[PDB]
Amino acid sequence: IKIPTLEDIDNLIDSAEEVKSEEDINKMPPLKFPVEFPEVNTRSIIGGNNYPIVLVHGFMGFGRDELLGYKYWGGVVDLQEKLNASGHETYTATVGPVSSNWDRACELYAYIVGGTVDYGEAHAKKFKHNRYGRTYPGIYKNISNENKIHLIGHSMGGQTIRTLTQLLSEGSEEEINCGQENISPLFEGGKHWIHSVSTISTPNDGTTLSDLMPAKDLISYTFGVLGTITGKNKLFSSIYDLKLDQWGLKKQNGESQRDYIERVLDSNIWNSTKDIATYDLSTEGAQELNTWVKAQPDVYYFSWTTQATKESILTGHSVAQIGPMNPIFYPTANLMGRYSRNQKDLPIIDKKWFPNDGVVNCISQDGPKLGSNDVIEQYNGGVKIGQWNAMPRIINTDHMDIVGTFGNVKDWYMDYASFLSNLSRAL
């Protein structure tokens, strides 16, 4: 009926599942990776790679040094550590939790290479924000056409990694042509640093959760969800940063976390620019991204779809599955599960959009289709470069469960890392 905001923090905390110990997560049934790499049981794989994985969080995800150690990737299980311990070189990148995909891609570039974020003169002028952002040391500084990586992005992270791959490969005409000093190499094109792009629970065609909500309310709701993890009091402690430096929205000297959050929530940013996550998450905004962010011909693309709704036999609406769906997502799942729209200049939303994972419509997750020329095929026991390999649906699994909040997923990720290591070179 009603999506809660911070006004309803008490009821959210009340309805929420308790955070579990690592021991208790390990007692849950492990998620099973569904396939073997093609031909592994018919012949020798001879063309594999040693490229590392870089993990990229979604909307309202935070870094390894935030949330008092609770990890985006695995929660109380440190998936990065487990992957490295089992021989799968893995890093974690951290970008703006509520910034646009463009801004996040520029941040991701700097996070990997090292240096100061550069959003582009042209872009920064157009959207009226700073050209330069924060400074990072670099987690994989030697990245190159020879030293490629596998990008894995959850939620909005999947849009962000598509966007980085587009910019690396083809650059930005607007940036190239504006005649700025010391253009970021990101915008020049010609870089083939990415071997694969994997999206997990990604709004590749947006999510109608953004369409149906006022932006401020969506953000406020998501602070509520964060609170179910941090605890309602620790939610207002200095254990996370919204990273809106470019907008002049850093926490002020002497400002409390609570005052900082209220100030950001009350900002004009949420209804006054398209250069923000809430726009980029909407179906209109995702469609716009899709009109220029294409699947590159020399990169493997994989998509994973989560679902935790069932169809109501009475109305045809999709509703939360009791058990699999976090109770915090009951209202979001149920509103998306009955949201239609047939309005000029906007994507037509019909019953195919109803099934969801609490946050993102299932139909949106297999790859970009709105405004896209990308090819999508369901995985058929062979991998195809330059197009989307839409992998077997991850049913009975909500939006956060697939990153360990809450689920036993470490073996799935280790098996996926093994799978990715078999991928052979572009011809």
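We number the residues from 1 along the sequence you see.
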Legend entry - 229-237 versus 75-83 - greater average Cα B-factor per the deposited record: 229-237
Inset, instruction - Mind pulling up the entry and telling me whether 162-170 or 306-314 has the higher mean Cα temperature factor? - result: 306-314
Inset, instruction - Among the candidates 358, 381, 368, 386, give the one with the maximum CA B-factor reported in the record. - result: 381
Legend entry - Residue with maximal Cα B-factor (values as given in the PDB entry) among 194, 281, 269, 112: 269
Inset, instruction - Select lowest, middle or highest to describe the third in which the CA B-factor of residue 377 falls within its chain in this entry. - result: highest
Inset, instruction - Please rank the C-alpha B-factors of the chain's modelled residues and tell me whether residue 246 sits in the lowest, middle or highest third. - result: middle
Inset, instruction - For residue 148, return the chain-relative third of its C-alpha B-factor as stated in the PDB record: lowest, middle or highest. - result: middle
Inset, instruction - Would you please rank residue 179 by its C-alpha temperature factor against the other modelled residues of its chain and give the third it falls in: lowest, middle or highest? - result: highest
Legend entry - residue 44 - Cα temperature factor, lowest/middle/highest third of chain: middle
